[PDB]
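There is one chain below, alone, in structure tokens, taken in the form deposited in one PDB entry.
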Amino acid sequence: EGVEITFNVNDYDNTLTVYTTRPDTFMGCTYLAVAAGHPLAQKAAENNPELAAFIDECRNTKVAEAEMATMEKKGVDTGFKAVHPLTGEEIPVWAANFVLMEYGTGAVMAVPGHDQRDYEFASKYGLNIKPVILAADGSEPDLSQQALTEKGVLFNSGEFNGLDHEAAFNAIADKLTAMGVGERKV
């Protein structure tokens, strides 16, 4: 089971939609990443020559999902800001080479504290790494070297603090659904 989540973007006529099987980590989302070929990336390329160059480079490189663990991850800040719907804070939207258009929306929500691929991209570009899952012994996670991917009790997640994995999964999915910006997928 998973959740589709929709974000509004400042100064942009459309929304961004993301799919996640880890909605329990949602309060740790610190940026969004879109494919080189995403409409928002092309829109931003109009007033950004670095992005234009990045997009052309990605055009040549066909990256396969399964070969990505091995590939050099690359991205460019689009300068667009998405609003995190539960937090109300602006987060940057990056174009990245590892996000594809073929399967899915061409946009991902990044949680570098709790997703290893996200951790590596955020470390490389100096993006925020925000912890929202406690280590299994109940301590703050050690994020100094890598992401903590184990399901656990939430902290630093406002109203969802103290909830275990299944409770948090459901509570955040329900919150987003009631707000009209989330949809559970079978």
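Just count from 1 along the sequence shown to find any residue number.
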Per the entry, where is the mean C-alpha temperature factor higher: 139-147 or 39-47? 39-47
Have a look at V132, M68, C29, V34 and flag the one whose Cα has the highest B-factor in the entry. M68
Where the record places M101 (Cα B-factor, split into thirds across the chain): highest
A52, C-alpha B-factor rank within chain (lowest, middle or highest third): highest
Lowest, middle or highest third of the chain for the C-alpha temperature factor of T61? highest
C-alpha B factor of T78, ranked within the chain: lowest, middle or highest third? middle
By the record's CA B-factor, is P85 among the lowest, middle or highest third of residues in the chain? middle
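This protein has a second form, the form solved in complex with a small molecule, left out of what is shown; the following refers to that one.
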Touches the small molecule in the deposited complex: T21 (any heavy atom, 4.5 Å): yes
Is the gap between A96 and the small molecule in the deposited complex 4.5 Å or less for some heavy atom pair? no
I'd like to check something about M109: if you look in the deposited complex, is any of its heavy atoms closer than or equal to 4.5 Å to a heavy atom of the small molecule? yes
Please pick out the stretch from 47-55, 115-123, 157-165, 34-42 that is in contact with the small molecule in the deposited complex, where contact means heavy atoms within 4.5 Å. 115-123
